[PDB]
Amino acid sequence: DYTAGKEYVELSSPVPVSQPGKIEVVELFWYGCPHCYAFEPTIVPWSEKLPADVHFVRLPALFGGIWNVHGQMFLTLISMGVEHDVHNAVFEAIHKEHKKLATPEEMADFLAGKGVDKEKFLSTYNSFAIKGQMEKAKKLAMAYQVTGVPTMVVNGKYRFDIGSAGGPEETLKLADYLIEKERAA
């Protein structure tokens, strides 16, 4: 009962998924995005309930400038295996504390207060591996043809957002439907 062209669109060139064999669900976001921050209370509990044949992943939108800096912070924290602990603190710092987290040094200093090894964070942030992940994330955003956040992509095939779905819970209901659609092939 959803309609292609209305609540979601189908990408003419489907994008490969990060984990072959599971239905992918991507949330594209930016730590500095107030709507992304506001969406967290809805998308987190939902994501924790996803079944085992679904792979949920957050992808930072690398649209330039501060988005890229913040995105590089995200990727560095994921690589370090500590993003999920400090995830909420980063959002809180940017939106409630007015912290800019605009340079690697400001980031390290702040994250150290949250338990994150400063020396490892900085070495990782500047590593070739993270540079490759940034390159991939950029190309992905280009392939999804995403121009704002938060935006969802299901299985590299369907793009939608809170506006198109008609609200944050409606967005997840739409994701559920499209996950089911992809199961059916």
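Numbering starts at 1 and runs along the sequence shown.
The PDB entry reports B-factors from which the mean C-alpha value can be compared for 22 to 30 and 38 to 46; the larger average falls on 38 to 46. Relative to its counterpart among 129 to 137 and 113 to 121, 113 to 121 has the higher mean temperature factor, C-alpha atoms as listed in the PDB entry. Of the candidates 59, 54, 154, 142, it is 142 whose Cα B-factor is highest according to the PDB record. Ranked against the other modelled residues of its chain, the C-alpha B-factor of residue 71 as given in the entry falls in the lowest third.
In the PDB entry, residue 4 places in the highest third of its chain by CA B-factor. When all modelled residues of the chain are sorted by CA temperature factor, residue 94 is found within the middle third. In the deposited entry, the Cα temperature factor of residue 178 places it in the middle third of its chain's modelled residues. The PDB entry assigns residue 77 a C-alpha temperature factor belonging to the lowest third of its chain's modelled residues.
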